[PDB]
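Here you'll find one protein chain in two forms, each presented separately as structure tokens under the names structure 1 and structure 2.
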Structure 1
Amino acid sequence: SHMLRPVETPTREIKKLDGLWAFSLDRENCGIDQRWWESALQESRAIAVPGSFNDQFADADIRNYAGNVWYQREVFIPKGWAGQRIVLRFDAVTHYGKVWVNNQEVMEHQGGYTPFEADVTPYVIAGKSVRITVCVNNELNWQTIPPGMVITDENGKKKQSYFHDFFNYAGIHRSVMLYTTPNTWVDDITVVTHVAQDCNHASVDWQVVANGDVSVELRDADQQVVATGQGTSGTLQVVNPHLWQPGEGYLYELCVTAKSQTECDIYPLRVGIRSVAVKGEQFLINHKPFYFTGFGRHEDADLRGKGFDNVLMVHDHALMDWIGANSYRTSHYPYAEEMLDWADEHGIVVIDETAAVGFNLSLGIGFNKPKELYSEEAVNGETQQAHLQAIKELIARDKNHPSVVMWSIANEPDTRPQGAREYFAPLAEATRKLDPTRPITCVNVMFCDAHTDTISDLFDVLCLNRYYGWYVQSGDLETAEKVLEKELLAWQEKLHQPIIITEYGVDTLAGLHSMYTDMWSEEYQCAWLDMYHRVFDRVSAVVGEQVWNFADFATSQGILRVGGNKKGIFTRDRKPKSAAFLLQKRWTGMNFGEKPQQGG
């Protein structure tokens, strides 16, 4: 499905984020039978969108709810819309959403972190008010991405269990909008930017227009047109270019025009001219070895859950700018597109990841599970199909973002059973055909080591999650150092791939200080991080370090029973722990994007 992000000019957007919506629980699952979308929601209350519904109400019974919830709101179509193509779009409805315009079912979606839209022109009269009803479901099963399993007790009460660390927040987490286009419109764009030794060259264009003739022009930051092209595709611009570089992120504007006999459509696409490639043990941006610094993150904050917020990304970005982070990873689900836009504009490198986390029954944090992970009753052929679909929707959404340099199709799957490689090999090869321009990865769980892991050879970059090393090493630092280094070297011998440690750190209660440098203390977090740093600087194959996590986040419970939820460098209200200043000195102390010399 083609998706382009809405921008304004021959097109227009009316944001429906005006938060307050009618909101209801459907504890008896009678909402569909009684067609709640036909009238006003009964016994509803005010809720804010975007935002998770879970923490908005200080109510535990709502927070831990599993099943269907209902959103509802009336909105006016502008008068001036008539004659235009009118689209209703949800940037994200977490897990499942079904939408009604008045009484007409218009769209449906499974997948909680990517947009979905439908042409609603025949069901609205511009200038009138229309009722919009959304049925949102938060249940996970073996075919959802991520997977989980629902447990219904004797009384028929549902309770959600799952296998990832973060809390299962749900609701309309991101922007809802109506947007307009001419009946002739640009429906899809794909751009590839080749570079050759940085004095030269090119921007390849493939464009799909639902119904028009295509012209294309490229302007710089000064708006000087620097190249032009004709045709639905084949376009191969010619440039002596300002390259999209980490830390700067120069952007061109690719204006795409689509001409009918009577109508024209103009679409501006931000373009960053840069190359990404793996060469041996190195990751190359613009044919230069890059060293990642930064975080695994989460979409998590007080009150709003995974709900999107402008003040929050402004603040968070000022923080990882200050600390010297040049990169991050969209940990365990696709993020709101605004972060990617931010990264594009500010030259921030991003590892884009699917919501495929929890394909693992051996994590061991917890208290009726299938014994075969890859089997009909668990991860099956439909799961693989859902997994592939999740990869499609992520790539189709983010293929043009210069900030995205790699695709992560999963996080910490158990790769020890035999059916593992049969599951992932097709996904890995489908991913390469959906987007050949970017290296591919699958984030490795630690107990699936170099000796036991079966799938990593299918990918381009080795991303290692090392977080719970403090558990297995019982907190001993010098056993941890020698164990860490020999495992990293073993991975370097098995694969000869560039290595990024995408998770490392330890749970740290802010304000706990110790003279013994022991667990949960701020001092231990510093010493624990510092040992990873010393080892990284002695291993040539390591090209990246991303700390887990940026800030304390709410966890499943689940993880909170080990407690469990203090993994951040910052607190949830974004206050720095002492380790924040340790990272700042290391990350601002090195030459930008340059691995430190052997060793340090």
Structure 2
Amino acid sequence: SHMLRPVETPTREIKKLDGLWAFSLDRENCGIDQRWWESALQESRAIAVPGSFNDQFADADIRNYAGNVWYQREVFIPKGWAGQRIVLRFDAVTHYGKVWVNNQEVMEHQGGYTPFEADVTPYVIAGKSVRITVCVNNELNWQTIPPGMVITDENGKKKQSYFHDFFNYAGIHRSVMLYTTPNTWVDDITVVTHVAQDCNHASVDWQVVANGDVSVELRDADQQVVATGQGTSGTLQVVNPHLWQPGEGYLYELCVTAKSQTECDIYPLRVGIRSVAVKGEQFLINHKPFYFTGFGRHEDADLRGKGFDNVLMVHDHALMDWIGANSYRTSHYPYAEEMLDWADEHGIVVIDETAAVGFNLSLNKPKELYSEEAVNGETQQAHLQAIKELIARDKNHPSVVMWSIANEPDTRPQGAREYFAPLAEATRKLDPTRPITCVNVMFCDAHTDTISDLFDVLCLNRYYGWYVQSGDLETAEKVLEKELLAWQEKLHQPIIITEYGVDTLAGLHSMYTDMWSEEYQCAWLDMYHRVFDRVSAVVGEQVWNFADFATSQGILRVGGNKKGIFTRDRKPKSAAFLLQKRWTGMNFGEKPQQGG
């Protein structure tokens, strides 16, 4: 399908974001049978949308519940919407959503981090109130992204198992809304920005419109015309440009219009003029060598889980700005779309990740990771569909300078290369603008990994001195460099360390600088930094993690993952000031001299 983020000029949305819906559990799994969307939810309670449902009620049985849950809400439809196209859009339902309006099923989606909309005009009457019922499922299998395993015991109780670290939060995590368009409406737009060395730049477009002759206008920050184009097809207007840069993040506004015989529809699209491309061992942004600093993040907060919140987004960006982070990565799933709009605006570099995590068996399980049990052709299809929807959404965001197909898959079994080759090829077919990468797990080193050649940038997740060599800084430095040099002598690609960090308990201090202590984190990060600056092919460092986040229960996780630089309530550990000295002490975007 085609996807475009709603705005307001001749279009009007009403947020059904109003917090409180009706919520109910379907423990007996009657809901779809007893047609629960037809009547008002029985034995229901208030719940906040957006937000995960697991933590809202301080209940253990609800937090670790797997199966179907029901959302329901009434809404009055605007009067001036009669004879207009009305769309119902969810920014994300986590895992699975089925929507009904009144009694009419109108939607279905698998994929919990991408939006899905539907024309609902014939099932709605302006000035009248309608009932919106959503059925949310949080179950993961081997054909879902991410993968999982559900276990039904003798008592008929489901219990979900997964292969990634972060907790399986679910529910409507993001923005719900009705929004309108003329019956001649724009449903799709595509933009590609070419910039030379370095005088001027061209901009191609391609967009489809329901009834409509197409004019396009490239407007400046002053809303002044700097260029114009005719026709639906490719435009290519040249300009002496203010480039989209990581320091400023300048933006133009391409205004695209669609004229019918009776109707007219306008649509403003934010545009950043920049080019991303790999040239040897360097990552070039606007034909300039760049050095990634920042974090692997997580949509995780104390009471809302992965539910989006504006306050949290302002504070988290204030800390990253303060600490010197010039970039980050949407770790293990597509983030809220508002996150990327912020990045576009403030010139923040973003590596965009799919929800493709947990392709592992190592750490009644299948014997072959790539087989009809476990991962198969259907899984490959869902992965392909997942790669599609992310690009269909984020292709127009200047902040995205890379695509990440998956996170830490085991590429040691046989089917590994057979699985990833079509995907890596199909992705470059979907977007030639941005380089693509695949994040590499530890035990898949330079002599064992079988897929690192199919991608443009080498992204490594390393933990020498923690999981291995535990506690030995002397040996870890030796192993890391030799491992990095091995990767260099093999692919000669740009290397970004996309995950490095250790578990650190805030308030734990040690004179002996041992594990789990704040001293260790500082010392451990310090050793990694010295290794990075001795290797030319290293062009990026993203600390794991930004903040402490929640995980599934285990002996390896003390109330969640404690590898954060900040606590879960965003209080800084000693390492935050260490990272602050380094990241702000270097020339922006420019790598540290080889011992300097």
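Structure 1 provides the reference sequence; residues are numbered from 1 along it. We call the rigid core the largest set of C-alpha positions that still match within 1.5 Å between the two forms.
J.: Go through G469, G212, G148, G305 and flag the only one whose CA is off by 2 Å or more between structures 1 and 2, rigid core held fixed.
T.: After core superposition, the single residue displaced by 2 Å or more is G469.
J.: Is it true that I559 shifts between structures 1 and 2 by 2 Å or more at the Cα, once the core is aligned?
T.: The answer is yes; the displacement is at least 2 Å.
J.: In Å, how large is the C-alpha displacement of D198 between structures 1 and 2 after the rigid core is aligned?
T.: Residue shift at the C-alpha: 2.5 Å.
J.: Where the core is superposed, what shift in Å does the CA of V238 undergo between structures 1 and 2?
T.: Value for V238 between structures 1 and 2: 1.1 Å of C-alpha shift.
J.: Quick one: how many Å does the C-alpha of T293 shift between structures 1 and 2 once the rigid core is superposed?
T.: Value for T293 between structures 1 and 2: 0.1 Å of C-alpha shift.
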